[PDB]
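Novice: Before anything else, here's the structure in question.
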Amino acid sequence: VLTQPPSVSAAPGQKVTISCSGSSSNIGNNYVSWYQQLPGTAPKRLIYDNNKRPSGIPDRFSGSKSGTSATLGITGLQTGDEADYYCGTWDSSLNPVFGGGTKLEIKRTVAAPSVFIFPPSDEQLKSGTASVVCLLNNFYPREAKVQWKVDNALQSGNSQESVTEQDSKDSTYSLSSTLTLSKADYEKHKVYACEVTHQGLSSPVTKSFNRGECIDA
Amino acid sequence: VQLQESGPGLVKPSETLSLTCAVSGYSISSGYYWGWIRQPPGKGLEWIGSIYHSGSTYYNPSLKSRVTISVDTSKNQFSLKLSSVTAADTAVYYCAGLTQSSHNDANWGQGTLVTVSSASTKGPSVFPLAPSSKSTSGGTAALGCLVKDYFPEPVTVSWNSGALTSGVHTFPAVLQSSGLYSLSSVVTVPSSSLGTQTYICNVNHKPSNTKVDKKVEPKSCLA
Ligand SMILES: [Mg+2]
C-alpha cells in the first residue's frame, strides 16, 4: 500500500502537510484523492484528481502531486480537524489502494485533569465482582500516570486503562482506569485509592474511599 | 442518497460472511460502481471489490476466490459474501457507491464491524457509576454507566435518548483477560442538577439484541 507518517501535530490556526509516498505504478501513473476520517465515521473525501476540492470542502484543504508522491495541506487548523487522513490512488490494475493513515493531533495549552472515583455499586457486588473506576477528565497532553493502592498496597496488573479520542471542541483527552476485584477480595480491604500524576498537576492528586461509606439509591 | 449495511456481527471461522447494503435515494442500476472496503481495528483501508454498471465485477486479487458481490434490483440493494473466513477478516466493512456523475463524492455506509471468532455472543451487564461526593469536583459531578462483559464489539451508548451530549465521554472498550469486552460512558454535569435532572444511559449491543435504559441515581454516601 501507500506510505504516510503515522501522525502529525500543530496548534490551531497553523498549517500542516501530510505526504503520501508511492511508486511509479500507483501515484506515478494515477490521480490521487484524500479523505478525512473522524472517529467512528466513514471517510469523507477532501481532494480528488490530485488537487480538486469536492463541493462543500473549504479551501483550507489543498492537494498536489509530484512524481511518485502526493501532499495534503491543511491551513487555519481547527479543533474539528482532529481526524485520521488517508491518501488513495489506483494501482497498475486500476484498483483502489490507500495509505495507512495519518492522525492529526491539535496542540493546546496544558490542562490538568479533574479526577473522580467511583466505588462499586451494590448492584454489581451482588453479581460477585467489584469494578472500581477512576476517571481523569479533560486533560492535555495525553500522557498521564495512574496508580492504584488498596490498603496501601500498590496494584500491578489488575487494572486496565482506556483513553478517548481527542475532544473535537476543546482538544483534551479523558482517561478511565478500572481496577477489578472479586467480591470476596473487595470485602477484605478498606481503603481504595487512585493516585494521578500529570504535567498539569504540581503534585499528585489522590482520590479515595473506604468500603462501606455508600449504599445504592 | 443513503447507504446502510446490515449483517451479522459475529462469524465463526470457516463460515461465510454475508453483508447487505440497502440503497435509498438512487437506483442500483444507475451506479458508476457499488463496492466494499474494509478497515481492521486500528489499521487502514483495504478495498475488497466493486461491481460496475453492466454487472461486471472486479475483486482484490488477494481475496478473489472468496469474494462475491451481487445486486438485487427488486430490493435496490447489493451484497458481499466472503467465504472461509478467519480471524484476519475481522474488520469494519463499509459499503460504498458512486452516483450522479464521475466526479461526485462516493456515498458511504456507516460501517459494520464483523468479528471472526470461535467465541460466542454474550450480552452486557449494565451497572451505574452513581455520583457522590467522590465524583464531585467543585460544582461539577461525574456519573456514568459501566457496560461489562460482552462479546463481540460493538456497543453503542447514548444519554437521555440523545438529548444529552455535552460533556459525555464514551471510552473505547477494553478486552479483559477473560476475553470479554467492557467499557464505561461518563458525563460531567452541574452538581446542582443531581436532585432534579434524570440521567439515563441507553445501551445497545446489537449482536446479542440487548437494549437497556439504565437510570443513574445519586448514591447515599456518608464518608
Ligand atoms: Mg486512532
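To be explicit about the labels: the chains of the C-alpha cells are called A, B, and onward in the order shown, and within each one the residues are counted from 1, while ligands get numbers from 1 in the order they are shown.
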Give me every strand (DSSP E or B) residue in range 64-190 of chain B, going by DSSP on the backbone, as a PyMOL selection string.
Specialist: chain B and resi 67-72+77-82+91-98+107-108+112-116+122+125-129+136-137+140-151+156-159+164+168-170+174-175+181-190
Novice: When the cut-off is 6 Å and we count only C-alpha atoms, which residues of chain A are near chain B, given as a PyMOL selection string?
Specialist: chain A and resi 100+116-117+164+213-217
Novice: Please produce an output containing N, CA, C and O atoms for each residue in the selection, written as a CSV table (one decimal), in the first residue's frame.
Specialist:
chain,number,residue,atom,x,y,z
A,100,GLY,N,-1.7,4.2,4.9
A,100,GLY,CA,-2.0,3.7,6.2
A,100,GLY,C,-2.7,4.7,7.1
A,100,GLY,O,-3.1,4.3,8.2
A,116,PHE,N,-12.0,11.8,39.5
A,116,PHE,CA,-13.2,11.3,40.1
A,116,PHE,C,-13.0,9.9,40.4
A,116,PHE,O,-12.5,9.1,39.6
A,117,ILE,N,-13.5,9.4,41.5
A,117,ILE,CA,-13.5,7.9,41.8
A,117,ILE,C,-14.9,7.4,42.1
A,117,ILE,O,-15.7,8.1,42.7
A,164,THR,N,-10.0,8.4,25.6
A,164,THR,CA,-10.8,8.8,24.5
A,164,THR,C,-10.0,9.4,23.3
A,164,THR,O,-8.8,9.7,23.5
A,213,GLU,N,-18.9,3.2,53.1
A,213,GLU,CA,-19.4,4.5,53.2
A,213,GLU,C,-20.7,4.7,52.4
A,213,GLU,O,-21.5,5.6,52.8
A,214,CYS,N,-20.9,3.9,51.4
A,214,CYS,CA,-22.1,4.2,50.5
A,214,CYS,C,-23.1,3.0,50.4
A,214,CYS,O,-22.7,1.9,50.6
A,215,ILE,N,-24.3,3.4,50.0
A,215,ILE,CA,-25.3,2.4,49.7
A,215,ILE,C,-26.0,2.9,48.4
A,215,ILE,O,-26.0,4.1,48.1
A,216,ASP,N,-26.5,2.0,47.6
A,216,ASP,CA,-27.1,2.4,46.4
A,216,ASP,C,-28.4,3.2,46.6
A,216,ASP,O,-29.0,3.1,47.7
A,217,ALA,N,-28.8,4.0,45.7
A,217,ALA,CA,-30.0,4.8,45.8
A,217,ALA,C,-31.2,3.9,46.1
A,217,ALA,O,-31.3,2.8,45.7
Novice: With distances taken over only C-alpha atoms, which of B:51, B:19, B:180, B:145 is nearest to residue 202 in chain B?
Specialist: B:145
Novice: Determine which residues of range 7-126 of chain A DSSP labels as alpha helix (DSSP H) from the backbone of this structure, then write them out as a list in words.
Specialist: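 Those in range 7-126 of chain A that DSSP calls alpha helix (DSSP H) are residues 122, 123, 124, 125 and 126 of chain A.
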Novice: Given the selection you just returned, output its residues as a file containing N, CA, C and O atoms, formatted as a CSV table (one decimal), in the first residue's frame.
Specialist:
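Result file is out.csv:
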chain,number,residue,atom,x,y,z
A,122,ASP,N,-23.7,-1.5,44.7
A,122,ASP,CA,-24.2,-2.7,45.4
A,122,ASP,C,-24.7,-3.7,44.4
A,122,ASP,O,-24.6,-4.9,44.6
A,123,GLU,N,-25.3,-3.2,43.3
A,123,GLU,CA,-25.9,-4.0,42.2
A,123,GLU,C,-24.8,-4.9,41.6
A,123,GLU,O,-25.0,-6.1,41.5
A,124,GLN,N,-23.6,-4.4,41.4
A,124,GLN,CA,-22.5,-5.2,40.8
A,124,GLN,C,-22.0,-6.1,41.9
A,124,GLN,O,-21.8,-7.3,41.6
A,125,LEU,N,-21.9,-5.7,43.1
A,125,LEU,CA,-21.3,-6.5,44.2
A,125,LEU,C,-22.2,-7.7,44.3
A,125,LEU,O,-21.7,-8.8,44.6
A,126,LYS,N,-23.5,-7.6,44.1
A,126,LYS,CA,-24.4,-8.7,44.2
A,126,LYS,C,-24.2,-9.7,43.1
A,126,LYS,O,-24.5,-10.9,43.3
Novice: Would you list the contacts of residue 197 in chain A as a PyMOL selection string, taking every protein, DNA or RNA residue within 10 Å and counting only C-alpha atoms, but skipping same-chain residues closer than 6 positions in sequence?
Specialist: chain A and resi 112-113+143-147+203-206
